[PDB]
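Form deposited in one PDB entry, single chain, as structure tokens, below.
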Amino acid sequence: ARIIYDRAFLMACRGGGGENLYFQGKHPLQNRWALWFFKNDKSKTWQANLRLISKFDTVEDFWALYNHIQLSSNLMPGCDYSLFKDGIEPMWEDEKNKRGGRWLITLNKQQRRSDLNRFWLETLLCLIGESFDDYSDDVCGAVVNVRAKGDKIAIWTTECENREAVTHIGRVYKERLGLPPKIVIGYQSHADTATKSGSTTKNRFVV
């Protein structure tokens, strides 16, 4: 049976406390997850800029990692963070992303201060909590691109032709973000996003 945590449960497991007696007191995740960082440098190759930070598979180890990064880390533009299921690289060329795409939220300059941290955490909860019912199996991961022009947050899914999975992910995600129903989010095939065709990329789906 799928391990599913709602938003309230994940939030109550936060701040630590549990003794983890018998190694049996932590709350297991459905999936193991890997946190990645990708910098920009004096042309290091794409592989040399992509770094694995940490992996986890309990609610408590998620929060120790989240609380740590929140206390310790700086927010540099040009950088990207990704949380992906164990064994999927955060690159669209990966077997599990090549046929896929992303549900994209773009924030303007002003919304860095107000919405970036909030929307990123809400995104992470959706992933580790298995919030999309059977369609959570279609999730690969989520990416945050920290940029001067405006930040991007996206959930990556495995198959852009699975309309029922994709649209359900998008509905629940927009709901969990608490976006106004007139803020429309768009799902972009990685194959279209890889092609630079001018102004904007095509949306396969919108919610």
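Heads up: residue numbers just count along the shown sequence, starting at 1.
Unshown form deposited with a partner chain bound; subsequent notes refer to it.
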State yes or no: in the deposited bound form, is some non-hydrogen atom of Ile128 no more than 4.5 angstroms from a non-hydrogen atom of its partner chain? yes
Does its partner chain get within 4.5 angstroms of any non-hydrogen atom of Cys140 in the deposited bound form? no
Looking at the partner-bound form in the deposited bound form, is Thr167 within 4.5 Å of its partner chain by any heavy atom? no
Indicate whether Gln30 is a 4.5 Å heavy atom neighbour of its partner chain in the deposited bound form. yes
When you measure heavy atoms, are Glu60, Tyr66 and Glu122 every one within 4.5 angstroms of its partner chain in the deposited bound form? yes
